Structure formats: C-alpha cells, structure tokens
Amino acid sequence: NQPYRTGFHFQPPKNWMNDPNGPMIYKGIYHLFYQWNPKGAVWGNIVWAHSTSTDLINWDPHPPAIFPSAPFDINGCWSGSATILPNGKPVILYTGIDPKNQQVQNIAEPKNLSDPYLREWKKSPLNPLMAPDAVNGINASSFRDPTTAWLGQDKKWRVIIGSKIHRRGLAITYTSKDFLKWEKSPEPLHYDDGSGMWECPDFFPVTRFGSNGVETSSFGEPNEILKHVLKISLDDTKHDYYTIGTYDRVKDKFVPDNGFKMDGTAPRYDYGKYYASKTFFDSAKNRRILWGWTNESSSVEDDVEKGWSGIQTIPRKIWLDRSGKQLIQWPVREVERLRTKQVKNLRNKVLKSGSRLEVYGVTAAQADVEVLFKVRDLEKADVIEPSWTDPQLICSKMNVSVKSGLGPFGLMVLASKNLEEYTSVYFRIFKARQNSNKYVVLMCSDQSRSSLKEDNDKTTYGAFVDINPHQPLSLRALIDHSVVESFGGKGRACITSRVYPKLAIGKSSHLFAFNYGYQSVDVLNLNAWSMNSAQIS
C-alpha cells in the first residue's frame, strides 16, 4: 500500500514536510517542530507542526504550534530556532511572511510553561522584532531563518539571519539587551561573494578534542579550546555546507580557518540528499544534535499520488574530529534500541573478485548494518588521476561494473533477489601518487539501478573519506524502505539517499556484501540487525 513510507524515520502521517524547526530540550522532553503543508503533498501554506519525544526516536503528535494568526505572519510561518534563556525559559524566533509578502522576524513563547509538551504558543504584540526597511536596506525577499541566539560576554544577545545582496550570501547579525529590542549590526558575522542566498544559517561552538556538545553561549576557558562552526544551506546547489573557524568576539565576526571558504567548495555534513539542517544542545546527555531534511527523489506525481513528501534523517550527535579538519556525525544512540534482539553476524569471510555474499535472516528493507573491511594488498591500488577532484563525478563515471585494484567493495542494499534493482554503498581505494604510501578512500552511494521506474531521481553520490586504509574500513547503513543513510569511517563521510524500488519491498528486499575489485577483500565483521518500527507522529 505505502511501500516507501519509513518504519523508524520521522515523518508526518501525510502531506509535505521540509525544514526542521526549533529543535530543543525542555523539562527533559525533546521538541521537533517542522515546516508542514496542512493540505497538500507539495510546499505551500507552510506552518510549524509539532511533535515531542523523550528518546529522539518515538514521537507524539501535537496541534500546529505556530501558524498565521496576525499581520506579521499572516502569509506564512517560515523557519526558525529555539533559544533557551538563562532562566530556563524557551523562546522561538521565526520568519513570518507579512501582509506585503515581505520576510520578517517574529518571536513566540510558551502560553503555559508548566505544560511540558508546550502545545500552545503566544506571540508578542511588538512583532516583527526585526524587519527590512529603507534604513537597513535589507532585501525583503531574502531575509529569513533566525538561529538560536547566544549571550555574549557583554550581556548583549546575538542572533543571525540568512540573507543575500546580489550574488553575495550574508549572515546578518542583530544584537539585543532584553531579547525584545533588536538592533542591526553594521557588519555581518560573515559573508561570501558568489555563493547566493544563505538559507538556514547555524552558528555553534565545539570543543577541540572530545565528542561532547558545548552550550551555545559557552566560552573557551584558559584550559578549554573551542572552535566555532558556521553552517549555511545554499539556494544555489541545494546542499548544506560548514566551515570550522574562530569567533572573533571583539569584531563579532567569524574567521574560517586557513583553507576554508564559506561557499560551495566547503565541506558538507552529508554528501547526498540533505538540506535545511539545524543543531541544538541536548543538555540532558551533553551533546550537540543535528536535524536534517531529506526531500523525495520520486516524481511530484508520485508524491501527490502517495499523499506525502519529505522525511527527516535520523538525528545525529556531532562533534569535532581529532584532526580538527572536519566534523564527525553519528546517529544518536537511542536509535539502537530499535535493533532486534537477534543480530545476524558474519566474520572472517573472503570476498574474492566478482563475488557477493548475501546476509540472511534480517528484515532487509528495515535494518541497521555495520561492517568492517580489511584490504590485504594496499600497494596493488591504482594511482588516482590528479585531475579527479570531485568525488561525486568519479562515482558517476566509474560505476560498480568498472573494476579497480581495490574496489568496488561494500554493500548492496534494498536489492531484489536477482539484482534487477539494488543500491550500492561502496569503497574504492586509490594511491594518492605514484609509489606513494598515502592513499585516497572514495565512498559512493550509487542508486543508478535502485528502481525499475525511470521517473525517480537516480543521481549517484560520492565523498572522500579521511581514514587510513592500513586499518580496517568501517561502514554503517541505516535502511528504511525508501531511505538509506550511509556512514563511512565511523562518521567521517555521510551519504543519505532516497530510492523507490518496484521489486525490493518488504520481504522481497535483500542485503548483500560484495566485491567487484581485482584484489580480494576480507569482511572482518558484519553485523546486520533487523529494525523494529518506531511509534512516530
């Protein structure tokens, strides 16, 4: 009936969803709001829907939290963020579409703070708190998505809003003493020429060595070393980008570390289908947690026909990696509670050239699988072409039927029994240079043969992974009917994808480990769990 609806990913009962909104924790209860069209399978009439959780996995529905109810948001309630004030009170800053269809920034706060589920929200008669006008000269059609606010050393709040001027992307900074009167700062927190619109900006601290989250307003003590992360979703490319840098508190400006530029050349959280992502600080278990919207890769006709569009990926804890060159992401550990009690284990199998090994006894369309690969002869790896710089484009031209020294090896997920349909999540290993000991690990999510229906967007994804192939290669896949979430190298490379198979559904989907490279690769360990369904809104 609905073979592509997910078993444990967040999505509403029906209709269009996009950006996650105002993720927060309050009185030990997680809140996710999200952009939702109450009466269609495409974007429009957008309101904030609302669901609550105590584990980030099972979700209880609530009435729409924020919807048009006043001039300043009469034409729509667009994206925004929750800030937890020092006294413990949550407030929401969000973009409203006003009566002249200009984008403006409004505040909402709880109607009853004793209500843990914060079902009803009221809005200030002073709204909008921040808006375009003749003096600031901000572009009224490119001025949205307020961040969580952070309290500076001088007791004045900061908040940034995504914007642009011509081809230049902006993170417009506003400051405030009381959180009601906001004043525009002359210079923005950062900008970039040529990037285009900066949608859904995020700005947060991270500790230099460690995996715990840092409270957004937390300072770097004469012991503690914090970097800051600026994230932007770019209109232009439909992807999410981040740079690692320092936060000049004197200038109130963000300086990306040498090598970083905040545009399309920057690194991504996810190298597949992933947009409008937003973090929040989970004070209950000390971790920053990242929400991400994954839209459909089916046709709009298929969307309208099935009656829904859009999912959230599984929430992932994030932190700075040891080297400080990238962020590491990993699905929140609560997702592991869905894992069936009886794991399927393979250990010490040799996938010779051209082989595949099927993994039996698992609900293959709804599963979590972790695998370790060990290559024996690294020196047999092919020298990468120095002009091959774009990992996605490599995966596109070198498909799984094209052999190399090391790889393709990995998983074939959501596969039919006779492999009429399959999604390949695999590795290739290249030698960085001739006679070198440095190696390049490529990760591909190939969905060229994921479905017999051609209407589906069957674009392939790629990403290089900063891991030493001398050590075993890690690979985790969350599988859920129409979504595959892949994590290379224990979270250093993430690729979310959407697939819609005709044969590989429910009991008729299968799971294979495989190797089509010239050399043989070992599978040190392969754990495949069936995943139970979550109770979701």
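Quick note: we count residues from 1 along the sequence shown, nothing fancier.
Trainee: Of the two stretches 526-534 and 1-9, which shows the higher Cα B-factor on average in the entry?
Mentor: Stretch with the greater average CA B-factor: 526-534.
Trainee: If you take the mean CA temperature factor per stretch, which one wins between 185-193 and 267-275?
Mentor: Comparing 267-275 with 185-193, the higher average CA B-factor belongs to 185-193.
Trainee: Please pick out which of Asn101, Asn456, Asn127, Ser353 has the largest Cα B-factor as recorded in the entry.
Mentor: Checking the PDB record, the top C-alpha B-factor among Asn101, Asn456, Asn127, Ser353 is at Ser353.
Trainee: Can you pull the Cα B-factors for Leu346, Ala108, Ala171, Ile74 from the entry and say which is highest?
Mentor: It is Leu346.
Trainee: Please say which third, lowest, middle or highest, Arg428 falls into when its CA temperature factor is compared across its chain.
Mentor: It falls in the top third of the chain.
Trainee: Within this chain, which third does the Cα B-factor at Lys490 fall in: lowest, middle or highest?
Mentor: Its C-alpha B-factor belongs to the middle third of this chain's values.
Trainee: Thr54's Cα B-factor: lowest, middle or highest third of the chain?
Mentor: As the PDB entry reports it, the C-alpha B-factor of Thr54 lands in the middle third of its chain.
Trainee: Quick one: classify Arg208 as lowest, middle or highest third of the chain based on its Cα B-factor.
Mentor: Its C-alpha B-factor belongs to the highest third of this chain's values.
Trainee: Within this chain, which third does the Cα B-factor at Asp257 fall in: lowest, middle or highest?
Mentor: It belongs to the highest third of the chain when residues are ordered by C-alpha B-factor.
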